[PDB]
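Q: Below is a structure I'd like to ask you about.
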Amino acid sequence: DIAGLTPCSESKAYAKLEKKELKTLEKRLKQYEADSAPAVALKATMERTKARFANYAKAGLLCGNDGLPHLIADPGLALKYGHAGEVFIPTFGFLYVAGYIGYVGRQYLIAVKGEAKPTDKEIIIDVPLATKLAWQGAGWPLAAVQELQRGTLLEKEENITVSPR
Amino acid sequence: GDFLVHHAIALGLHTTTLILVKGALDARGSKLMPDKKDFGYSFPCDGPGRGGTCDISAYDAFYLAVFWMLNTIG
Amino acid sequence: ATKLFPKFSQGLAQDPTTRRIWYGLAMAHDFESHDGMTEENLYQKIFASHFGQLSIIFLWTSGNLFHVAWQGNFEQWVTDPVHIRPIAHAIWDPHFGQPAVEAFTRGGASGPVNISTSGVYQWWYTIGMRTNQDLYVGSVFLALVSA
Amino acid sequence: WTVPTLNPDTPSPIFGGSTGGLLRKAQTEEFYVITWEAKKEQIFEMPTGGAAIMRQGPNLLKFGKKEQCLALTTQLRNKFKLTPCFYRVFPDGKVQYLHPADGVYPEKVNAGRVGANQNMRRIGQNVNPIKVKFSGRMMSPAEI
Amino acid sequence: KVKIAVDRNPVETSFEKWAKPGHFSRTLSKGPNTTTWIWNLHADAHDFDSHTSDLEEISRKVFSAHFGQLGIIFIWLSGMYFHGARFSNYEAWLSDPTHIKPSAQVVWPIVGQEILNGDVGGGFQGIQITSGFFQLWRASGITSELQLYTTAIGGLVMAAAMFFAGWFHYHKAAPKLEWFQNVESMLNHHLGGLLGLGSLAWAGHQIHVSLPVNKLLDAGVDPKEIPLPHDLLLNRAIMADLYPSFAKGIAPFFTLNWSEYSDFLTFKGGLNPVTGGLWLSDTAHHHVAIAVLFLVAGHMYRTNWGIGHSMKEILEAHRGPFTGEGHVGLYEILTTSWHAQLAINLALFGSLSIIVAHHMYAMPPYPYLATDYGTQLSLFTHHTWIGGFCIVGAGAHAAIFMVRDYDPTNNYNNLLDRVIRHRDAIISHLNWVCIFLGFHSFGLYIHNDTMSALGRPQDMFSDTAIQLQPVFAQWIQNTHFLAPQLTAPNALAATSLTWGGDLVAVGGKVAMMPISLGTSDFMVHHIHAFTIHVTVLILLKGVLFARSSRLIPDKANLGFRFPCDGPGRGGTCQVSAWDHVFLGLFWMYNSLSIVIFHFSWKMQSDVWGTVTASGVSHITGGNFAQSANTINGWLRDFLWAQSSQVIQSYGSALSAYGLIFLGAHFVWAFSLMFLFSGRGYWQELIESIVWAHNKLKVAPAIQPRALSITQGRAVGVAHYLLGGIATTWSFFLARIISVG
Amino acid sequence: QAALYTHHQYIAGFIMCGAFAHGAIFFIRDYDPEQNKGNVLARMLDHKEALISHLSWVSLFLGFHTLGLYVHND
Amino acid sequence: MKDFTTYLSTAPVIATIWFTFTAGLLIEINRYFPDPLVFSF
Ligand code: CLA
Ligand code: CLA
Ligand code: CLA
Ligand code: CLA
Ligand code: CLA
Ligand code: CLA
Ligand code: CLA
Ligand SMILES: CC1=C(/C=C/C(C)=C/C=C/C(C)=C/C=C/C=C(C)/C=C/C=C(C)/C=C/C2=C(C)CCCC2(C)C)C(C)(C)CCC1
Ligand code: SF4
């Protein structure tokens, strides 16, 4: 298939591991009563466990010889064989939120450098301004590419460089 | 497992290169001290002033790098 | 006082501490910073030192050949090498006790030998040695070259 | 002001006897001797440990290294406002004067001093250590 | 004339200074410009001598801070009683103490942590506690969860009382100085009131609640049928049923006919054979005698009437030929400085903690304590560590008194002066004895290792080869085992079973069996002596060389905490007394690690185990006498053999330990970056990253600075101790909760 | 096999560390700016903060993600 | 009351509040949606 494995639906090792986990869980379940909160929690665990196995089988995951899911990190390969939801979509999601955090922080820094005491507003957060900027950047990438294309993203060579060379 | 370990190895190489390259390029001088070239390679420190400067020589940068070499080959 | 050791650095052979001993051991191969060091003298010392290093290397290899040829079992190892273990050299330690020597005697030998985990046996079997005599000849030759 | 010599018959402050006194740097190499004149009896602190009582009038001590004389000098000067002077004594009967060695302690500038070890350039106007290489010994570029 | 002296409304109550960080000092106040200022804000928060220079204000500060500490302790106790009441299986434990393991914590069913809820027995699920509150509660007589809940509410109320008290005494009624400087009145009131009346009151509670309830519980009736304690207070005839002395009331006490109280104030020795704890009648008799002793001791000092002693007179009368003026001038030292008091009190406090640990494993006081192995190990280990830390603190604050508050003008010829005046002899001989013990105590192990590896086990130090017998400890052991027949005619047994004698077994397990002392014991005891002497060397050297030395003649003017005096005169890194405290911390870690390893392996090899009615089968089979003379013995039989449970705990209800194991290692190895390296390198690296921010206009307007030297060292030792101690914690708990 | 491979790996580590150490000694003792005005060797000294920054970045990235994945699997 | 709000505007208090918010948010998402590994949806 994809580098010599099989999907988990017909994977023999998958069902064996599933049976093993259910077995240990029922083994813990045996010694209590039928109304006890221990048995309530144990049956909740059974339900969550079997639901987890069904969810991993449903999403078309790929298992090796240990019966464990394997993720594929390759744009062409994952997009071709239907696996965009394990690395590709997660990486674009994370890059969105991480750039969002960074951009909000940077806008705060420039917003507070223009005052009379930049250190006080760094140690004592300007909460109205911080919430305001916390909203104002939900679309950051557009503002980022605009700041890039206007040449305000980068300071020129008035940065302090080490002396001497 | 090989994926994870190969990334650990790459971490070792990039880190050790960081320490060594930093020690080499900051050997002429830094901003903590802009006349490091007047002391030679392996000098102790510059004392408690300016917040104290322990292990500032290039010798001490290499000194720190040896530990990483041992780790990575480990 | 103004002691002799060491002669390469006068400022070092001046202080009345034990720093001079350690530093005299430490600045010996720093030819560039001795007293009166020109540039020609630097290159010449480096050249002679290279010769010293080559001598030590070849002498060491002669040592390996000699001990393998004398205390090892290379003559018996070439008949069946998926079997009888390599032998590096033999031990004579007066601190041993009875079960110690009874234990270390392994690989078909007659005394306390220890196994050669160096790969010299396979090297010398591949390149074309077969007996002890050839190894002795090699050892004598390499000692001569080192001299 | 001329260079004064000491009068070695002045009494010593009352003290019990520490461990931390003179070792054999004094027997073979040198030991330092301090002198001051007090106005009223008072308890001071030795720069070895313990407390001693200075006498009403001239006093006299003896120490191993120089930082001890400087410590006692700073303490007697900034706290009690006295004028001490300490010498250097070699172990055969030779006496060298020092501190102040100018009459005036070396903060108030006294006209008639010659400045030594005094380069006349900015700190970043030193030569590279490649251009002082291969000299008689190890040299810093700012030593030339 | 000792009296009350209080000032009115010194400091008003407003939030004004909460919005102004670093208001307390002149240096900190002006606001940040680097990141050193944050760590300086946290470093000098409690340095109450570094705000002002007046005794009175410092004293008021420390008084109210004490109230704060007490309040937080009450919140903690209230939490413990509440969690015992609501989220535990205490009643199911009272129904059957064996086979039902104590549990007092329940986790929430989220990402999978619900596997941590173990099958502790009794139809309950949760995390087994080793803190041993259940045995304490059964010793007090608590039978229901309702009483625990009431105690929880009471604790919370007392906590609020304490915080209000602190607020009151700093802001509304703040005492003057001379209130504090009446140490004699404080001694009388503490010795009498606190210790004595606490002992007397607790004796009352034992006699009237804990004796009868535990008598019924050990008699076999289940806890619900047992009468409530107020029925025991109100109805005399029930007590007359249990102990007939109570039928005579309090007539025997007031006519000196105390011999009739022999039913509930006893002197029998060993243990309760059905329980495994001490006899509670002994405990009550003990607190009664303690209370009489302390109430007698509390009338010793002169406060307002002519009788009693003065401290100055007692001190000034003791002076001999070898010590000049003796103690003249210690009273002025010990009433005008707080760091001296903190030094003495931390010293005796920590040593007291360690003695607590030793007596607490030797003579188990609580019912069903000795057969819960994890509780025994955890309690001994915990009190050991707390003692160690407190003693190191004593060293540190003695040093701080040497630096700051020492004035030689008031202190001329004196015990303190003479100690300073021969510090060289002191430290030299302490150094010698450290090296002597080092060579012998550790070279014995190296020699045994070498001989045992060279084929000749007949030339090593052991019980069968060349022998080293602790003859002294064995003789003392026999002396005390024989004591009930000659030198204690009225006891029925020895004070403990470790002195020798028979075996007490509760529910198949061993409560306590006699302990024998052989060659391995000799060697480990001298290891302990060696490490203790080394730590004493470091700390005492820090104290004596805190003001000046031959190296630095003016070390006093640099202060208590400073990094160096430059690379000159060879190099003077770490010359402050603070760094002596630092290295002392490392050695304290070492010594106490050895102590608790010794205890753990000795107990698992020679005391605990099951009574299978075929002799005694210990947990590890009794391999201490043959293996504790080789380092290979420790590394194999202890560390490698006993880690099988902490490394294989995955998948069971014990995996938290096998997962916090590795994290403890990680923090331990993380400390090494802070210890080994230095701040110049990090300063330059941080500068380059600051450039990488200057490029993108994210220059922080506060300036990034690397840690100062002292802080880097301190953080290093913090991580070091955290990682090491966490590792040992995880290992011990997994092992002894698994197999114990 | 084990001893040979381990031996040569550790030897390689020490040798590479020596290479960077003698780079640092070159910069301190034997470098001359005017002879090297504008070659690649001065260019490398001109933009060294970029080098150290990006080595720092890759070291951080590999560290966080490698250690994180290992801890998650644990 | 102004100074109390400014005290609430200091760094560690806002760190505590905001990290409680973020932690609780992630915890609730992990309760209502148990065991997420892939996105596919
Ligand atoms: C980190 C580097 C890297 C590496 C080693 C690979 C490796 C691979 N990619 Mg790939 N890829 C990457 C990054 C990478 N990808 C990125 C970032 C993108 C988004 C632009 C893609 C987009 C992509 C597509 C659309 C396809 C691949 C394919 C492949 C496979 C064969 C082609 C190949 O190796 O080209 C060498 C790759 C590089 C030198 C790295 C640069 C990345 C380029 C843009 C990808 C080249 C695709 C290639 C021309 C398609 C060849 C078709 C094939 C039938 C011959 C191989 C497993 C093909 C596949 O599915 O194989 C079965 C395919 O169709 N990749
Ligand atoms: C019988 C009287 C008495 C009692 C019981 C105490 C008890 C205590 N004093 Mg104390 N003290 C007394 C008289 C007394 N003192 C006198 C006469 C003076 C003046 C010379 C002082 C001066 C003094 C100072 C300066 C300090 C103490 C401290 C302490 C506490 C030590 C902490 C501890 O281990 O407590 C164990 C905990 C408990 C026993 C909990 C019980 C607590 C309750 C409230 C009992 C307290 C009784 C109370 C003092 C009586 C007056 C109450 C008030 C409403 C009038 C402890 C609560 C230290 C402390 O912690 O400060 C807060 C401290 O710094 N005391
Ligand atoms: C310090 C702790 C303590 C306390 C609180 C008690 C308390 C008690 N013991 Mg006791 N006891 C103790 C230690 C203690 N003991 C010790 C150490 C021993 C061993 C020697 C004994 C040995 C002992 C025996 C042998 C007996 C008791 C008994 C009693 C009870 C009755 C005492 C009695 O006969 O009248 C003593 C009288 C008083 C204490 C006077 C109380 C005055 C009240 C409280 C004043 C209230 C006035 C106020 C204005 C009222 C407000 C009115 C309005 C607001 C409503 C009483 C509950 C007797 C008992 O009942 O057995 C169960 C009994 O037989 N005890
Ligand atoms: C009754 C106990 C007691 C008391 C009242 C004091 C009081 C004091 N000590 Mg002291 N000390 C003690 C015990 C005590 N110490 C012990 C046991 C030791 C040995 C470790 C020391 C070692 C010590 C040193 C070495 C120094 C002091 C100093 C001081 C003074 C300033 C303290 C300060 O600003 O802290 C501010 C508060 C902190 C720094 C808190 C940080 C503490 C650590 C990092 C947290 C512990 C980690 C925790 C257990 C687990 C982490 C949980 C989680 C985050 C992972 C103050 C007078 C200093 C001084 O100069 O005095 C004038 C000083 O230099 N002490
Ligand atoms: C295992 C590592 C280790 C060892 C062996 C030592 C050893 C020592 N430290 Mg130490 N130390 C260490 C780690 C170690 N430290 C660490 C990590 C720290 C940081 C916290 C410190 C911090 C520290 C301080 C702060 C102090 C010491 C002190 C001491 C000395 C105590 C006296 C003693 O026992 O000497 C005896 C020597 C040994 C036990 C070593 C083994 C000797 C063998 C068994 C026999 C030797 C004979 C030999 C085989 C013959 C040679 C033959 C050969 C030439 C062919 C001793 C030299 C103290 C000191 O010097 O004062 C006394 C002291 O003040 N150390
Ligand atoms: C081609 C090989 C080679 C050559 C020719 C040189 C040559 C030189 N190096 Mg260099 N170096 C090399 C490889 C080499 N190095 C490698 C591989 C490293 C990385 C480790 C270094 C790291 C290095 C540093 C960090 C420094 C030099 C320095 C020097 C110069 C002075 C050397 C000196 O005085 O040392 C004297 C040599 C000694 C005192 C020997 C010390 C013994 C070492 C610690 C090994 C001990 C281990 C022990 C034997 C183990 C026994 C085990 C026991 C159980 C039996 C000299 C030009 C120095 C320099 O230029 O000064 C400015 C300098 O600072 N080099
Ligand atoms: C356990 C040992 C250990 C670890 C984890 C590290 C980790 C690191 N070292 Mg190294 N180092 C070590 C030992 C270690 N070192 C030793 C012994 C030495 C010899 C002195 C050095 C010498 C050294 C040098 C000289 C350099 C490093 C550098 C680095 C960084 C490399 C970048 C990286 O991997 O980012 C990954 C970072 C981490 C994994 C840090 C852990 C962060 C945790 C997971 C987050 C916190 C979790 C949680 C919130 C905590 C809650 C607790 C709460 C109370 C706060 C990184 C911080 C280099 C550097 O900084 O380059 C940028 C560098 O220049 N180190
Ligand atoms: C893919 C492949 C290929 C290719 C390969 C290649 C191309 C490779 C390369 C590689 C490389 C490319 C490598 C490199 C490395 C590098 C290094 C290793 C470096 C080092 C450096 C250093 C060490 C430095 C030093 C110094 C300093 C620091 C200062 C200055 C002076 C000096 C320079 C000395 C082929 C086709 C053939 C085949 C197939 C496969
Ligand atoms: S502590 Fe650091 S700064 Fe001070 S002398 Fe030592 S190395 Fe230099």
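Here's how to read the names in the structure tokens: chain A, B, ... by the order shown, residue numbers from 1 in each chain, ligand numbers from 1 in the order shown.
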Determine which residues of chain F sit within 6 Å of chain B, taking into account only C-alpha atoms, and present them as a PyMOL selection string.
A: chain F and resi 24+28+55+59+62
Q: Taking the chain letters and numbering used in this document, name the residues of region 41-94 of chain E that DSSP puts in helix (DSSP H, G or I), as a JSON list (two decimals) with C-alpha atoms, in the first residue's frame.
A:
```json
[["chain", "number", "residue", "atom", "x", "y", "z"],
["E", 41, "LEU", "CA", 11.87, 41.65, 43.25],
["E", 42, "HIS", "CA", 11.42, 38.03, 44.25],
["E", 43, "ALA", "CA", 14.80, 37.61, 45.92],
["E", 48, "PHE", "CA", 13.17, 42.04, 56.26],
["E", 49, "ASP", "CA", 16.55, 43.47, 57.26],
["E", 50, "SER", "CA", 16.92, 45.01, 53.79],
["E", 55, "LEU", "CA", 14.33, 46.36, 65.18],
["E", 56, "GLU", "CA", 10.70, 47.19, 65.99],
["E", 57, "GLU", "CA", 9.42, 47.24, 62.44],
["E", 58, "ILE", "CA", 11.24, 44.03, 61.57],
["E", 59, "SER", "CA", 9.77, 42.35, 64.62],
["E", 60, "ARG", "CA", 6.23, 43.38, 63.72],
["E", 61, "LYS", "CA", 6.78, 42.09, 60.20],
["E", 62, "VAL", "CA", 7.99, 38.68, 61.33],
["E", 63, "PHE", "CA", 5.15, 38.42, 63.84],
["E", 64, "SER", "CA", 2.43, 38.93, 61.26],
["E", 65, "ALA", "CA", 4.22, 36.69, 58.78],
["E", 66, "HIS", "CA", 4.19, 33.95, 61.39],
["E", 67, "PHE", "CA", 0.43, 34.36, 61.56],
["E", 68, "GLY", "CA", 0.25, 33.92, 57.80],
["E", 69, "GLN", "CA", 2.23, 30.69, 57.98],
["E", 70, "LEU", "CA", -0.06, 29.32, 60.68],
["E", 71, "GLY", "CA", -3.10, 30.18, 58.60],
["E", 72, "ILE", "CA", -1.86, 28.28, 55.58],
["E", 73, "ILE", "CA", -1.07, 25.28, 57.76],
["E", 74, "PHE", "CA", -4.65, 25.31, 59.02],
["E", 75, "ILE", "CA", -5.99, 25.43, 55.48],
["E", 76, "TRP", "CA", -3.83, 22.40, 54.72],
["E", 77, "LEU", "CA", -5.04, 20.41, 57.72],
["E", 78, "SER", "CA", -8.62, 21.31, 56.92],
["E", 79, "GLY", "CA", -8.11, 20.02, 53.40],
["E", 80, "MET", "CA", -6.75, 16.74, 54.71],
["E", 81, "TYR", "CA", -9.66, 16.17, 57.07],
["E", 82, "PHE", "CA", -12.15, 17.13, 54.37],
["E", 83, "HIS", "CA", -10.66, 14.74, 51.82],
["E", 84, "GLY", "CA", -10.70, 12.05, 54.47],
["E", 85, "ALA", "CA", -14.37, 12.77, 55.10],
["E", 86, "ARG", "CA", -15.74, 12.93, 51.57],
["E", 90, "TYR", "CA", -12.27, 5.43, 55.98],
["E", 91, "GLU", "CA", -15.31, 3.63, 57.34],
["E", 92, "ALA", "CA", -14.68, 0.60, 55.14],
["E", 93, "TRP", "CA", -11.13, 0.69, 56.50],
["E", 94, "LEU", "CA", -12.32, 0.73, 60.10]]
```
Q: Could you list, as a PDB file with N, CA, C and O atoms, in the first residue's frame, all protein and nucleic acid residues with an atom at most 6 Å from ligand 5, counting only C-alpha atoms and all ligand atoms?
A:
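Once written, pocket-v1.pdb looks like this:
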```pdb
ATOM      1  N   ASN E 431      39.052  18.817  58.908  1.00  0.00           N
ATOM      2  CA  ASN E 431      39.491  18.315  57.613  1.00  0.00           C
ATOM      3  C   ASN E 431      40.210  16.984  57.755  1.00  0.00           C
ATOM      4  O   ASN E 431      39.984  16.049  56.973  1.00  0.00           O
ATOM      5  N   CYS E 434      37.780  14.201  58.477  1.00  0.00           N
ATOM      6  CA  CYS E 434      37.024  13.865  57.280  1.00  0.00           C
ATOM      7  C   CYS E 434      37.831  12.971  56.354  1.00  0.00           C
ATOM      8  O   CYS E 434      37.308  11.987  55.827  1.00  0.00           O
ATOM      9  N   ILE E 435      39.112  13.284  56.151  1.00  0.00           N
ATOM     10  CA  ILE E 435      39.902  12.467  55.229  1.00  0.00           C
ATOM     11  C   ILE E 435      40.124  11.076  55.799  1.00  0.00           C
ATOM     12  O   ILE E 435      40.105  10.078  55.070  1.00  0.00           O
ATOM     13  N   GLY E 438      37.153   9.158  55.356  1.00  0.00           N
ATOM     14  CA  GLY E 438      36.944   8.900  53.952  1.00  0.00           C
ATOM     15  C   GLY E 438      37.700   7.675  53.511  1.00  0.00           C
ATOM     16  O   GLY E 438      37.109   6.699  53.029  1.00  0.00           O
ATOM     17  N   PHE E 439      39.014   7.710  53.721  1.00  0.00           N
ATOM     18  CA  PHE E 439      39.841   6.597  53.287  1.00  0.00           C
ATOM     19  C   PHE E 439      39.323   5.301  53.861  1.00  0.00           C
ATOM     20  O   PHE E 439      39.040   4.365  53.121  1.00  0.00           O
ATOM     21  N   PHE E 442      35.283   4.320  52.971  1.00  0.00           N
ATOM     22  CA  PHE E 442      34.998   3.977  51.583  1.00  0.00           C
ATOM     23  C   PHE E 442      35.997   2.997  50.986  1.00  0.00           C
ATOM     24  O   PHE E 442      35.623   2.166  50.144  1.00  0.00           O
ATOM     25  N   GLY E 443      37.260   3.054  51.399  1.00  0.00           N
ATOM     26  CA  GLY E 443      38.220   2.092  50.927  1.00  0.00           C
ATOM     27  C   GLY E 443      37.901   0.687  51.367  1.00  0.00           C
ATOM     28  O   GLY E 443      38.282  -0.264  50.694  1.00  0.00           O
ATOM     29  N   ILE E 446      35.876  -0.417  48.529  1.00  0.00           N
ATOM     30  CA  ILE E 446      36.665  -0.635  47.315  1.00  0.00           C
ATOM     31  C   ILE E 446      37.502  -1.903  47.442  1.00  0.00           C
ATOM     32  O   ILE E 446      37.646  -2.669  46.485  1.00  0.00           O
ATOM     33  N   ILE E 538      31.868  21.667  55.787  1.00  0.00           N
ATOM     34  CA  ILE E 538      31.536  22.730  54.844  1.00  0.00           C
ATOM     35  C   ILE E 538      30.781  23.852  55.544  1.00  0.00           C
ATOM     36  O   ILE E 538      31.123  25.032  55.411  1.00  0.00           O
ATOM     37  N   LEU E 583      27.237  24.257  48.577  1.00  0.00           N
ATOM     38  CA  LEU E 583      27.892  22.956  48.594  1.00  0.00           C
ATOM     39  C   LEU E 583      27.387  22.100  49.748  1.00  0.00           C
ATOM     40  O   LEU E 583      27.281  20.868  49.621  1.00  0.00           O
ATOM     41  N   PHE E 586      24.452  20.166  48.561  1.00  0.00           N
ATOM     42  CA  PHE E 586      24.795  18.946  47.827  1.00  0.00           C
ATOM     43  C   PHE E 586      25.150  17.808  48.779  1.00  0.00           C
ATOM     44  O   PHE E 586      24.658  16.677  48.641  1.00  0.00           O
TER      45      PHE E 586
END
```
Q: What are the residues of chain D that have an atom within 9 Å of an atom of chain B, counting only C-alpha atoms, as JSON, numbers by chain?
A: {"D": [123, 124, 126, 128, 129, 139, 140, 141, 142]}
Q: Please produce a file of those selected residues containing N, CA and C atoms, as an mmCIF file, in the first residue's frame.
A:
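selection-v1.cif, written as the output of this step:
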```
data_model
loop_
_atom_site.group_PDB
_atom_site.id
_atom_site.type_symbol
_atom_site.label_atom_id
_atom_site.label_comp_id
_atom_site.auth_asym_id
_atom_site.auth_seq_id
_atom_site.Cartn_x
_atom_site.Cartn_y
_atom_site.Cartn_z
ATOM 1 N N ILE D 123 40.333 52.801 23.447
ATOM 2 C CA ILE D 123 40.531 51.381 23.720
ATOM 3 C C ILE D 123 40.431 50.551 22.448
ATOM 4 N N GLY D 124 39.659 51.003 21.469
ATOM 5 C CA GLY D 124 39.499 50.264 20.234
ATOM 6 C C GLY D 124 40.416 50.762 19.143
ATOM 7 N N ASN D 126 43.662 49.508 19.241
ATOM 8 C CA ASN D 126 44.728 48.536 19.403
ATOM 9 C C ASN D 126 44.958 47.785 18.101
ATOM 10 N N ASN D 128 45.864 44.405 15.775
ATOM 11 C CA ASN D 128 45.480 43.006 15.815
ATOM 12 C C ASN D 128 46.630 42.173 16.359
ATOM 13 N N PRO D 129 46.332 41.028 16.990
ATOM 14 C CA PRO D 129 47.397 40.166 17.494
ATOM 15 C C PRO D 129 48.138 39.390 16.419
ATOM 16 N N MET D 139 52.624 38.346 24.108
ATOM 17 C CA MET D 139 52.359 39.776 24.208
ATOM 18 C C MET D 139 50.909 40.084 23.902
ATOM 19 N N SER D 140 50.296 40.875 24.742
ATOM 20 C CA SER D 140 49.010 41.421 24.353
ATOM 21 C C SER D 140 49.215 42.626 23.441
ATOM 22 N N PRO D 141 48.339 42.822 22.459
ATOM 23 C CA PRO D 141 48.512 43.950 21.536
ATOM 24 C C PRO D 141 48.446 45.299 22.210
ATOM 25 N N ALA D 142 47.810 45.401 23.367
ATOM 26 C CA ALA D 142 47.738 46.663 24.081
ATOM 27 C C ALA D 142 48.862 46.816 25.087
#
```
Q: Define the interface residues of chain D facing chain E as those within 8 Å, counting only C-alpha atoms, and report them as a short mmCIF file (atom, residue, chain, number, x, y, z; two decimals) with C-alpha atoms, in the first residue's frame.
A:
```cif
data_model
loop_
_atom_site.label_atom_id
_atom_site.label_comp_id
_atom_site.auth_asym_id
_atom_site.auth_seq_id
_atom_site.Cartn_x
_atom_site.Cartn_y
_atom_site.Cartn_z
CA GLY D 17 46.87 35.90 69.93
CA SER D 18 45.15 34.54 66.86
CA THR D 19 45.86 31.77 64.43
CA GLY D 20 46.32 33.77 61.28
CA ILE D 43 38.11 48.52 70.17
CA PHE D 44 38.79 47.75 66.51
CA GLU D 45 38.64 44.60 64.41
CA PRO D 47 41.75 41.68 59.56
CA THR D 48 42.44 38.11 60.64
CA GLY D 49 39.65 37.62 63.16
CA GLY D 50 38.94 38.78 66.69
CA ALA D 51 38.89 42.20 68.30
CA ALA D 52 41.74 44.26 69.68
CA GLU D 67 45.65 43.49 51.47
CA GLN D 68 45.56 43.09 55.26
CA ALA D 71 41.87 46.52 54.85
#
```
Q: Taking only C-alpha atoms into account, report as a VMD selection string which residues of chain A lie within 12 Å of chain D.
A: chain A and resid 163 to 165
Q: What's around residue 207 (chain E) at 10 Å? Count only C-alpha atoms, leave out sequence neighbours fewer than 3 positions away in its own chain, and write the answer as a CSV table (one decimal) with N, CA and C atoms, in the first residue's frame.
A:
```
chain,number,residue,atom,x,y,z
E,201,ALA,N,-4.1,18.7,78.1
E,201,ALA,CA,-5.3,18.6,77.4
E,201,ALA,C,-5.4,17.3,76.6
E,202,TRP,N,-4.3,17.0,75.8
E,202,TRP,CA,-4.4,15.8,75.0
E,202,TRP,C,-4.4,14.5,75.9
E,203,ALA,N,-3.8,14.6,77.1
E,203,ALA,CA,-4.0,13.4,78.0
E,203,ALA,C,-5.4,13.3,78.3
E,204,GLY,N,-6.1,14.4,78.6
E,204,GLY,CA,-7.5,14.3,78.8
E,204,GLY,C,-8.3,13.7,77.7
E,210,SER,N,-10.0,8.2,73.6
E,210,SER,CA,-9.2,7.3,72.8
E,210,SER,C,-9.0,5.9,73.4
E,211,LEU,N,-8.8,5.9,74.8
E,211,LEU,CA,-8.7,4.6,75.4
E,211,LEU,C,-10.0,3.8,75.3
E,212,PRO,N,-11.2,4.2,75.6
E,212,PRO,CA,-12.3,3.3,75.5
E,212,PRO,C,-12.7,2.9,74.1
E,264,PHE,N,-5.8,2.4,83.7
E,264,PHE,CA,-5.7,3.2,82.5
E,264,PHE,C,-4.4,4.1,82.4
E,265,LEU,N,-3.5,3.9,83.4
E,265,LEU,CA,-2.2,4.6,83.4
E,265,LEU,C,-1.2,3.6,83.7
E,280,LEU,N,-2.2,2.3,74.5
E,280,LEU,CA,-2.6,3.7,74.7
E,280,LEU,C,-2.6,4.1,76.1
E,281,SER,N,-2.7,3.1,77.0
E,281,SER,CA,-2.6,3.5,78.4
E,281,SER,C,-1.2,4.1,78.7
E,283,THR,N,0.5,5.7,76.6
E,283,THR,CA,0.5,7.0,75.9
E,283,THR,C,-0.1,8.0,76.8
E,284,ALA,N,-1.2,7.7,77.4
E,284,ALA,CA,-1.9,8.7,78.3
E,284,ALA,C,-1.0,8.9,79.6
E,285,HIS,N,-0.5,7.9,80.2
E,285,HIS,CA,0.4,8.1,81.3
E,285,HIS,C,1.6,9.0,80.9
```
Q: Can you tell me, as a PyMOL selection string, which residues in region 4-122 of chain D count as strand (DSSP E) by DSSP?
A: chain D and resi 31-35+42-45+51-54+85-90+94-97
Q: All residues within 8 Å of ligand 3 are required, counting only C-alpha atoms and all ligand atoms; please report them as a list in words.
A: residues 197, 200, 201, 202, 203, 204, 205, 207, 208, 232, 233, 234, 235, 236, 239, 245, 246, 247, 248, 249, 250, 251, 252, 253, 261, 265, 284 and 288 of chain E
